[PDB]
Number of protein chains: 2
Amino acid sequence: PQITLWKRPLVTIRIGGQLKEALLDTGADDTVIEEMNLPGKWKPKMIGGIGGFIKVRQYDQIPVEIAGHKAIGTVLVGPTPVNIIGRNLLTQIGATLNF
Amino acid sequence: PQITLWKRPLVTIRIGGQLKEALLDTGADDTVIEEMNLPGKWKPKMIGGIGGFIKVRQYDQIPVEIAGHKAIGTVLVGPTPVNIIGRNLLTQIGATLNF
Ligand SMILES: CC(C)[C@@H]1NC(=O)CCCCOc2ccc(cc2)C[C@@H](C(=O)O)NC1=O
Ligand SMILES: CC(C)[C@@H]1NC(=O)CCCCOc2ccc(cc2)C[C@@H](C(=O)O)NC1=O
């Protein structure tokens, strides 16, 4: 689809079998999802944002369906204001910026 | 143009008479520019994201050219690690997400 930006580009995703709302974020290198239980082993990691650094749980090779498009990659779980789909998964679904 | 997301979508912008590199960020409501001695009246503001909040100076009706496309609006100036072009200006240049 083509999504304009008058509002936050929020879309529904399925991860770990559960539905969640997430923001398509071209300003994010990584995908960061609010605290939740995800299958598999995770590794402690730290990532930075506009306000500083946070500790996250790094899960690798996680399937995430974004607005009907499939991606399988790294998902960081931790204290984020809103769920963020970053470039690692946006590239997988063939998302581009256009103007 | 079309910008892929394999790498950070950095483009050249012109603001306050200076050329800078900035990130086209669909996950940002506002535009935040690295500390620069911009003239004009401003209002105090706090913006948040991953890691927490930072204090910025809010300037209104500031002309900002983005890869040749003219825009004008609110620009927040503060200790951001990267210049960020947010939705307030992305809509002005007709930018969309597509997949
Ligand atoms: C969501 C983070 C994993 C991402 N943070 C990253 O992509 C890692 C680099 C963080 C420091 O540099 C920044 C780069 C970009 C931004 C802020 C800071 C914009 C901001 C956003 O989503 O709007 N991006 C981030 O906070
Ligand atoms: C790049 C920042 C301005 C930030 N945008 C970001 O930090 C990128 C997304 C981080 C997680 O999602 C958000 C977190 C916080 C917000 C919006 C989104 C609130 C909103 C604000 O304070 O006005 N912050 C942003 O849009």
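Relative contact order for chain B using alpha-carbon pairs under 8 Å, separation at least 6, rounded to a whole percent? The partial results should precede the final answer.
Working: 195 pairs, mean separation 33.0, N = 99.
Computed value for chain B: 33 percent relative contact order.
For B:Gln18, place a label point 7 Å from Cα along the Cα-to-Cβ direction in every copy; what are the distances to the other copies, in nm, shortest first?
Here the equivalent label points are 4.4 nm apart from this one.
Closest beta-carbon to the B-to-A rotation axis: which chain B residue owns it, and what is the separation in whole Å?
Residue with the nearest Cβ, plus whole-Å distance, for chain B: B:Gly51, 2.
Put the label 7 Å from Cα along Cα→Cβ for A:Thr4; what are its distances to the other copies, in nanometres, shortest first?
2.9
Treating only the Cβ of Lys, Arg, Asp and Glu as charged (+1, +1, -1, -1), what charge dipole size does segment A:9-73 show about its Cα centre? Round to the nearest 20 debye. Before the final figure, lay out the partial values.
On the way: 8 positive and 8 negative charges, 58 e Å.
Around 280 debye, computed over segment A:9-73.
Helix-only estimate, please: 222 nm mean residue ellipticity of chain B, summing -39500 (n - 2.57) across DSSP H runs of length 4 or more and dividing by its residues, to the nearest 500. Working shown, then result.
Details: 1 runs with 4 residues, N = 99.
Value at 222 nm, helices only: -500 deg cm²/dmol.
Defining the label point at 7 Å along Cα→Cβ, can you sort the distances from B:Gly68 to the same site in each other copy, shortest first, in nm?
Copy-to-copy label distances for B:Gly68: 3.4 nm.
Give the total of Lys-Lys pairs in the protein assembly as shown with Cα-Cα distances below 15 Å; include a pair only if its members are 8 or more places apart or on different chains. List each step's numbers first, then the result.
Details: A:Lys20/A:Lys70; A:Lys43/A:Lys55; A:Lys45/A:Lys55; B:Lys20/B:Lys70; B:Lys43/B:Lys55; B:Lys45/B:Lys55.
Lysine pairs satisfying the spacing and distance rule in the protein assembly as shown number 6.
Find me the longest stretch of chain A that has none of the exposed trypsin sites (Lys or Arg not before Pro), where exposed means in a DSSP loop (not H, G, I, E or B) with at most 14 other Cβ atoms within 10 Å. Don't skip to the answer; put the middle values down first.
Values: sites that count: A:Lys7, A:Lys41.
In chain A, the maximal stretch lacking such sites is A:42-99.
With a bin width of 10 angstrom, please list the P(r) values of chain B as percents of all Cα-Cα pairs, from the 0 bin to the one holding the largest distance.
15, 53, 28, 4, 0
Tally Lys/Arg at +1 and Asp/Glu at -1 over every other residue whose Cβ is under 13 Å from the Cβ of B:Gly94; what's the total?
Net local charge, B:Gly94 excluded: +2.
Could you tally the net charge around A:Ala22, taking each other residue with its Cβ under 13 Å from the Cβ of A:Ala22, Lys/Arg +1 and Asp/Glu -1?
Details: positive: A:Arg8, A:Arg14, A:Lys20; negative: A:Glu21, A:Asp25, A:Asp30, A:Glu34, A:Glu65.
Neighbour charge sum, excluding A:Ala22 itself: -2.
Virtual Cβ from ideal backbone geometry, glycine too; neighbours counted across all protein chains shown. Every number here is computed from the coordinates shown, using simple stated rules; none is lab data.
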